[PDB]
Amino acid sequence: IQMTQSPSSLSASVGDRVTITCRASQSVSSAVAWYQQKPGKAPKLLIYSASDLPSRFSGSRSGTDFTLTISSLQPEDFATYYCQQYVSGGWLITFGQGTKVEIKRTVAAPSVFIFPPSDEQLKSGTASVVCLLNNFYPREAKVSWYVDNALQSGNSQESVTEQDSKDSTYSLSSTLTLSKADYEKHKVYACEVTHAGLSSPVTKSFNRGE
Amino acid sequence: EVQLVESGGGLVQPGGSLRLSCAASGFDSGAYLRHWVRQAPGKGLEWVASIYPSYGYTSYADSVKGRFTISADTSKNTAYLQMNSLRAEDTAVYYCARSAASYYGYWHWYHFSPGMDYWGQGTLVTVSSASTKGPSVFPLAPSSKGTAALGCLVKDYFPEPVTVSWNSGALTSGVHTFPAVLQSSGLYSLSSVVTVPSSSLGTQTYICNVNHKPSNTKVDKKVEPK
């Protein structure tokens, strides 16, 4: 089911030679199709196999690894691309894992904010401490959660924007959902951000609960 | 000038059934293979079923075998996908697509089959044993002093479609409404944040308006430094 696509989330800028690779399902020289999926829209087809042949999109077939080398990159193309094959077995159709191209810009560091839970919430019975990585470029960032100097795991949730229309950066939302009882049992809460933009892990914290 | 129109989707709790439909327009349904392909929220594409409507040939993916029934109506030009004994993780957007032809191609050379030229736009199917509940909205209130940021936390609401704007359409620049993530409780949770100058606190009022049409619920929380 899971076809292997070699780029997973690789980014470049407009007017760039970018190549995406697909692992095949069975072995036999089969047929290949690729699709563009812009966010919130239905996928559209690009090319087909055998006779592969605008000027930019072009497909190539290397051994068991099919490729979609787009040469002239226009801003209209920044989207996700999927690789699909027909397998003459169960009459089944199988897709690649998808590969997204996001815009490439200079490196921006996150604006890190921490918010303790609201009093309006802890009376209800749950505490949701939230961390805010604000407009940053590299999209790759580790957000470690330290309650009383202990990196707690298995409770946080993450969320990212797609990209701002002006600066083309991201934002992250780490949400820790601790019980009211287990929230007031500890005092210092901290959010640790490790990112490429910052030289050393920057942490912003608060002190309440006991 | 041809198109695919897909209907049927909606919310149903796991174990129930929910039949889909695919109206086809402008081309001859019986000379084009028809496939159902789904995509879980934020996940990739996963093929579900395929039909050759003329001869009735049917083909399924083994993740779903024994539950879904793909079918076609040549007289009504519409392909169906009966989804039965629905499971919790079936939640996805179900797309309807086209392929070419060839009785000869189907049997003998199926690998060398051409692409899916036209797709519809989608119908959404969510499965959850959770009643629809309006969101409880919580402020974030920054205590930080240049440019500081504040926001809201809408949590524990079912089903998805929730909208957040700031000051009734005023605060547009710097509005970063995140995408919701469904909590372990089965209900979704979401946060919106905005960037403003440090001078604005004590001078400007900040209120987020959160509408939840499925629950018929509108909520307003003023966010003020503590």
# chains A, B, ... in the order shown; residues from 1 in each chain; ligands from 1

$ interface_residues --of "chain B" --to "chain A" --cutoff "8 Å" --atoms "only C-alpha atoms" --output "count of residues only"
36

$ select_by_dssp --residues "chain A" --states "alpha helix (DSSP H)" --output "number ranges by chain"
A: 119-122, 180-184

$ residues_around --residues "residue 56 in chain B" --least-positions-apart "5" --cutoff "12 Å" --atoms "only C-alpha atoms" --output "MDAnalysis selection string"
chainID B and resid 29:34 50:51 70:74 79 103 106

$ write_last_selection --atoms "C-alpha atoms" --output "mmCIF file, in the first residue's frame"
data_model
loop_
_atom_site.group_PDB
_atom_site.id
_atom_site.type_symbol
_atom_site.label_atom_id
_atom_site.label_comp_id
_atom_site.auth_asym_id
_atom_site.auth_seq_id
_atom_site.Cartn_x
_atom_site.Cartn_y
_atom_site.Cartn_z
ATOM 1 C CA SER B 29 -20.501 6.235 -17.861
ATOM 2 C CA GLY B 30 -19.771 2.705 -19.041
ATOM 3 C CA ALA B 31 -16.657 3.433 -21.019
ATOM 4 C CA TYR B 32 -14.659 4.985 -18.160
ATOM 5 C CA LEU B 33 -13.471 3.152 -15.045
ATOM 6 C CA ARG B 34 -14.647 4.759 -11.802
ATOM 7 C CA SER B 50 -12.604 0.625 -8.457
ATOM 8 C CA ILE B 51 -15.390 -0.353 -10.852
ATOM 9 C CA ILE B 70 -18.826 -0.193 -4.902
ATOM 10 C CA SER B 71 -21.616 -0.110 -7.488
ATOM 11 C CA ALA B 72 -22.802 1.754 -10.576
ATOM 12 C CA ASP B 73 -26.068 2.851 -12.199
ATOM 13 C CA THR B 74 -25.737 3.082 -15.986
ATOM 14 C CA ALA B 79 -21.530 5.346 -9.227
ATOM 15 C CA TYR B 103 -11.963 -4.677 -21.724
ATOM 16 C CA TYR B 106 -8.575 -4.504 -17.924
#

$ residues_around --residues "residue 124 in chain B" --least-positions-apart "5" --cutoff "8 Å" --atoms "only C-alpha atoms" --output "MDAnalysis selection string"
chainID B and resid 9:10 91:94

$ write_last_selection --atoms "N, CA and C atoms" --output "PDB file, in the first residue's frame"
ATOM      1  N   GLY B   9     -21.554  11.947   2.091  1.00  0.00           N
ATOM      2  CA  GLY B   9     -20.814  12.109   3.332  1.00  0.00           C
ATOM      3  C   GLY B   9     -21.499  12.795   4.500  1.00  0.00           C
ATOM      4  N   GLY B  10     -20.907  12.639   5.675  1.00  0.00           N
ATOM      5  CA  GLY B  10     -21.413  13.239   6.893  1.00  0.00           C
ATOM      6  C   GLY B  10     -20.900  12.462   8.093  1.00  0.00           C
ATOM      7  N   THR B  91     -12.396   7.975   8.984  1.00  0.00           N
ATOM      8  CA  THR B  91     -12.559   9.412   8.805  1.00  0.00           C
ATOM      9  C   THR B  91     -11.607   9.958   7.750  1.00  0.00           C
ATOM     10  N   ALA B  92     -12.182  10.468   6.668  1.00  0.00           N
ATOM     11  CA  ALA B  92     -11.409  10.960   5.538  1.00  0.00           C
ATOM     12  C   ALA B  92     -12.342  11.732   4.617  1.00  0.00           C
ATOM     13  N   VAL B  93     -11.750  12.336   3.595  1.00  0.00           N
ATOM     14  CA  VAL B  93     -12.498  12.966   2.519  1.00  0.00           C
ATOM     15  C   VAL B  93     -12.457  12.007   1.343  1.00  0.00           C
ATOM     16  N   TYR B  94     -13.624  11.617   0.853  1.00  0.00           N
ATOM     17  CA  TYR B  94     -13.729  10.583  -0.165  1.00  0.00           C
ATOM     18  C   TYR B  94     -13.913  11.224  -1.532  1.00  0.00           C
TER      19      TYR B  94
END

$ select_by_dssp --residues "range 101-189 of chain A" --states "strand (DSSP E)" --output "PyMOL selection string"
chain A and resi 112-115+126-136+141-147+156-157+170-179+188-189

$ atom_distance --atom1 "CA of residue 124 in chain A" --atom2 "CA of residue 188 in chain B"
17.3 Å

$ residues_around --residues "residue 134 in chain B" --least-positions-apart "2" --cutoff "7 Å" --atoms "only C-alpha atoms" --output "NGL selection string"
:B and (132 or 136 or 157-158 or 212 or 215 or 217)

$ residues_around --residues "residue 168 in chain A" --least-positions-apart "5" --cutoff "9 Å" --atoms "only C-alpha atoms" --output "number ranges by chain"
A: 102-105, 135-137, 162-163

$ write_last_selection --atoms "C-alpha atoms" --output "compact mmCIF listing (two decimals), in the first residue's frame"
# COMPACT_ATOMS: atom_id res chain seq x y z
CA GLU A 102 7.12 24.68 0.54
CA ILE A 103 8.70 28.00 -0.33
CA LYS A 104 12.33 28.62 0.63
CA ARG A 105 13.37 31.84 2.37
CA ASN A 135 6.68 33.19 12.58
CA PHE A 136 9.83 31.14 11.84
CA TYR A 137 11.02 29.61 8.60
CA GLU A 162 0.79 26.17 6.40
CA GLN A 163 2.67 29.42 5.41

$ residues_around --residues "residue 146 in chain B" --least-positions-apart "5" --cutoff "12 Å" --atoms "only C-alpha atoms" --output "ChimeraX atom specification"
/B:195-201

$ write_last_selection --atoms "N, CA and C atoms" --output "compact mmCIF listing (two decimals), in the first residue's frame"
# COMPACT_ATOMS: atom_id res chain seq x y z
N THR B 195 -0.60 38.85 17.16
CA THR B 195 0.54 39.67 17.55
C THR B 195 0.13 41.14 17.59
N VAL B 196 0.42 41.81 18.71
CA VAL B 196 0.07 43.23 18.86
C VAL B 196 1.16 43.96 19.64
N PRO B 197 1.31 45.28 19.47
CA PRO B 197 2.30 46.03 20.26
C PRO B 197 2.00 46.00 21.76
N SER B 198 3.07 46.06 22.56
CA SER B 198 2.92 46.06 24.01
C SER B 198 2.12 47.26 24.51
N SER B 199 2.11 48.36 23.74
CA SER B 199 1.33 49.53 24.11
C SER B 199 -0.17 49.24 24.15
N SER B 200 -0.63 48.27 23.35
CA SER B 200 -2.06 48.03 23.19
C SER B 200 -2.75 47.51 24.44
N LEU B 201 -2.02 47.05 25.46
CA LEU B 201 -2.68 46.48 26.63
C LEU B 201 -2.99 47.61 27.61

$ decode --residues "range 106-135 of chain A" --atoms "N, CA, C and O atoms" --output "compact mmCIF listing (two decimals), in the first residue's frame"
# COMPACT_ATOMS: atom_id res chain seq x y z
N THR A 106 15.04 33.00 3.67
CA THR A 106 16.07 33.13 4.70
C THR A 106 15.56 32.51 6.00
O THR A 106 14.36 32.25 6.15
N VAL A 107 16.44 32.35 6.98
CA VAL A 107 16.08 31.58 8.17
C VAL A 107 15.53 32.52 9.22
O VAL A 107 16.13 33.56 9.53
N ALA A 108 14.38 32.15 9.78
CA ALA A 108 13.70 32.95 10.77
C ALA A 108 13.56 32.13 12.04
O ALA A 108 13.27 30.94 11.99
N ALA A 109 13.77 32.78 13.16
CA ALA A 109 13.72 32.12 14.45
C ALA A 109 12.36 32.33 15.10
O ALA A 109 11.71 33.36 14.88
N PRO A 110 11.90 31.38 15.90
CA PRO A 110 10.55 31.48 16.45
C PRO A 110 10.44 32.56 17.51
O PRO A 110 11.40 32.87 18.22
N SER A 111 9.26 33.15 17.59
CA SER A 111 8.90 34.04 18.69
C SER A 111 8.17 33.17 19.71
O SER A 111 7.03 32.75 19.47
N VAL A 112 8.82 32.92 20.84
CA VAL A 112 8.38 31.89 21.78
C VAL A 112 7.59 32.54 22.91
O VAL A 112 8.10 33.44 23.60
N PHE A 113 6.36 32.08 23.10
CA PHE A 113 5.48 32.57 24.15
C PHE A 113 4.90 31.40 24.92
O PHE A 113 4.68 30.32 24.36
N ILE A 114 4.67 31.60 26.21
CA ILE A 114 4.08 30.58 27.06
C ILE A 114 2.89 31.19 27.79
O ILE A 114 2.95 32.34 28.24
N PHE A 115 1.80 30.43 27.89
CA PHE A 115 0.58 30.89 28.54
C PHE A 115 0.17 29.85 29.56
O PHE A 115 -0.14 28.70 29.19
N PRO A 116 0.12 30.19 30.84
CA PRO A 116 -0.43 29.27 31.82
C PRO A 116 -1.92 29.12 31.58
O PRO A 116 -2.51 29.94 30.87
N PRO A 117 -2.55 28.09 32.12
CA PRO A 117 -3.99 27.93 31.89
C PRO A 117 -4.79 29.02 32.58
O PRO A 117 -4.39 29.55 33.62
N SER A 118 -5.94 29.34 31.99
CA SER A 118 -6.81 30.37 32.53
C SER A 118 -7.54 29.87 33.76
O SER A 118 -7.87 28.69 33.88
N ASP A 119 -7.78 30.79 34.70
CA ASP A 119 -8.56 30.44 35.89
C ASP A 119 -9.95 29.97 35.51
O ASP A 119 -10.53 29.12 36.19
N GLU A 120 -10.52 30.54 34.44
CA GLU A 120 -11.83 30.12 33.96
C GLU A 120 -11.84 28.65 33.58
O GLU A 120 -12.90 28.01 33.61
N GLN A 121 -10.68 28.10 33.22
CA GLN A 121 -10.55 26.71 32.83
C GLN A 121 -10.30 25.75 34.00
O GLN A 121 -10.94 24.70 34.06
N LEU A 122 -9.40 26.09 34.92
CA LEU A 122 -9.06 25.15 35.99
C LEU A 122 -10.20 24.93 36.97
O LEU A 122 -10.25 23.88 37.63
N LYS A 123 -11.13 25.88 37.11
CA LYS A 123 -12.33 25.60 37.89
C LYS A 123 -13.17 24.52 37.22
O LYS A 123 -13.80 23.70 37.90
N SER A 124 -13.17 24.49 35.89
CA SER A 124 -13.90 23.45 35.17
C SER A 124 -13.33 22.07 35.48
O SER A 124 -14.09 21.12 35.72
N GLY A 125 -12.01 21.94 35.50
CA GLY A 125 -11.35 20.70 35.88
C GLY A 125 -10.24 20.19 35.00
O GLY A 125 -9.78 19.05 35.19
N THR A 126 -9.77 20.99 34.04
CA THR A 126 -8.65 20.60 33.19
C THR A 126 -7.75 21.81 32.97
O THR A 126 -8.24 22.93 32.86
N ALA A 127 -6.44 21.58 32.88
CA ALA A 127 -5.46 22.63 32.65
C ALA A 127 -4.73 22.38 31.34
O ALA A 127 -4.15 21.31 31.15
N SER A 128 -4.75 23.37 30.44
CA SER A 128 -4.13 23.25 29.12
C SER A 128 -3.09 24.36 28.91
O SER A 128 -3.39 25.41 28.34
N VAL A 129 -1.87 24.14 29.41
CA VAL A 129 -0.76 25.05 29.15
C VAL A 129 -0.38 24.98 27.68
O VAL A 129 -0.25 23.89 27.10
N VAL A 130 -0.18 26.15 27.05
CA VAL A 130 0.05 26.24 25.61
C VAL A 130 1.32 27.03 25.33
O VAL A 130 1.57 28.07 25.95
N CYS A 131 2.11 26.54 24.38
CA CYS A 131 3.30 27.22 23.90
C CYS A 131 3.11 27.68 22.47
O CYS A 131 2.41 27.05 21.68
N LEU A 132 3.78 28.79 22.13
CA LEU A 132 3.59 29.48 20.85
C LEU A 132 4.94 29.74 20.18
O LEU A 132 5.64 30.68 20.55
N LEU A 133 5.32 28.91 19.23
CA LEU A 133 6.39 29.27 18.31
C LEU A 133 5.79 30.11 17.19
O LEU A 133 4.96 29.61 16.43
N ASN A 134 6.20 31.37 17.08
CA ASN A 134 5.59 32.25 16.10
C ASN A 134 6.52 32.38 14.90
O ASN A 134 7.57 31.75 14.86
N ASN A 135 6.17 33.25 13.95
CA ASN A 135 6.68 33.19 12.58
C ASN A 135 8.17 32.89 12.48
O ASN A 135 9.02 33.74 12.77
